[PDB]
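One structure is given below, encoded as structure tokens.
Here, each number is a calculation from the coordinates, and none is a lab measurement. Reconstructed Cβ throughout: ideal geometry from the backbone, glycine too, with neighbour counts over all protein chains shown.
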Amino acid sequence: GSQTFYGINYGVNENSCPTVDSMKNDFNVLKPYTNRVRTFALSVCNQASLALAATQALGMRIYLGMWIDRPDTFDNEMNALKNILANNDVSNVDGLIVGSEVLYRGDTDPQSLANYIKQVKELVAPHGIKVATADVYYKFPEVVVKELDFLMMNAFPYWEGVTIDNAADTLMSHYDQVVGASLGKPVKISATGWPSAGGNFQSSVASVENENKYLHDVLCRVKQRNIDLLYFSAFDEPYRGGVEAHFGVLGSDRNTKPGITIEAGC
Ligand SMILES: OC[C@H]1O[C@@H](O[C@@H]2[C@@H](O)[C@H](O[C@@H]3[C@@H](O)[C@H](O)O[C@H](CO)[C@H]3O)O[C@H](CO)[C@H]2O)[C@H](O)[C@@H](O)[C@@H]1O
């Protein structure tokens, strides 16, 4: 069952950082289901350096995310990238994800993002690392895509008000649009998921039974079409409040969630 998930998203609490030994215990819970994890920032909590050490000791692999937001984060993260290359073995890195939903939020303009991606590529290419960015299905303009090695989609049919029976179909439909803007380059999925509690969003109902169905349906759909997927997410994060606190495959205390069975729908 170690090949059920291609990979899983791993959240970090910025107000209460983990340690190397802490991450190792966390990744051991996931090891029967997966061999890959993904982190969202480099310098915050020194998480990249610690996750590189944790995964390498357990024979697992990793996607490294760069968190770019306000003007400061461009310089701050680039300097942290430089330090990783000088201080760490990076042979188990499957890719570097420059920003998550940068264009959706309106943090910078398409040309500025395109230029920043080029600087990153010039640095990591000699180490044989591939570059991407992650955003919503309708935010992949040609100027950005030209600088990429591959594309990564974030899509959540729950926030769109789509019913559970149609949810996986909509995801695949959104995937086709990204391919339409891909210029022929590989397209992966960096985040999708479904909440187990917190109420509803229009016709989208949050329940344990619905998260279980969504998990099964999405895993089948990606296996049929040979799409690489990073599922969202590993553990429930209570410090996020409401709906955002129930996206985990397993519980916040690291035990399993009753009603969730970890398997693909086909
Ligand atoms: O740790 C670095 C950085 O983390 C930021 O919080 C991120 C969230 O932005 C992210 O949000 C998810 C989206 O990426 C995804 O598309 O949708 C889901 C469901 O709506 C979102 O939860 O989640 C990750 C993992 O929990 C967080 O690390 C902080 O905002 C930022 O302050 C911090 O620097």
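Just a few scattered comments:
- In this simple spin-label approximation, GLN177 and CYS220 carry label points 7 Å from Cα along the Cα→Cβ vector, and these lie 2.4 nm apart.
- Span-like helix check, the chain: qualifying full DSSP H segments, with Cα axial length of 18 Å or more and mean Kyte-Doolittle of -1.0 or more, are 72-87, 110-124, 164-180, 208-224.
- For segment 130-266, the spread of Cα positions along the three principal axes, ordered from largest to smallest, is 44, 30, 28 Å.
- Net charge of the neighbourhood of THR55, taken over other residues with C-beta under 10 Å away and scored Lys/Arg +1, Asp/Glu -1, is +3.
- Value of relative contact order over the chain, rounded to a whole percent, pairs C-alpha under 8 Å and six or more apart: 17
- Cα coordinate range in the chain, projected on the principal axes (Å, largest first): 46, 43, 32
- Cα gyration tensor shape of segment 227-266, rounded if a/c is under 1.5, else prolate or oblate by comparing a/b with b/c: oblate
- More than 20 Å apart - percent of Cα-Cα pairs taken over segment 41-165: 45
- The calculated Kirkwood hydrodynamic radius for segment 9-109 is 14.1 Å, given to one decimal from all distinct C-alpha pairs.
- Taking the chain as the region of interest, the number of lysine pairs whose Cα atoms are within less than 16 Å, with members eight or more places apart or on different chains, is 17.
- Difference of contour (0.36 nm per residue) and Cα-Cα distance, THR163 to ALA125: 9.4 nm
- Over the chain, dividing the summed -39,500 (n - 2.57) contributions of all DSSP H runs of at least 4 residues by the number of residues returns a 222 nm mean residue ellipticity of -11000 deg cm²/dmol.
- Of interest is the spacing of the C-alpha centroids, which for segment 38-108 and segment 134-179 amounts to 22 Å.
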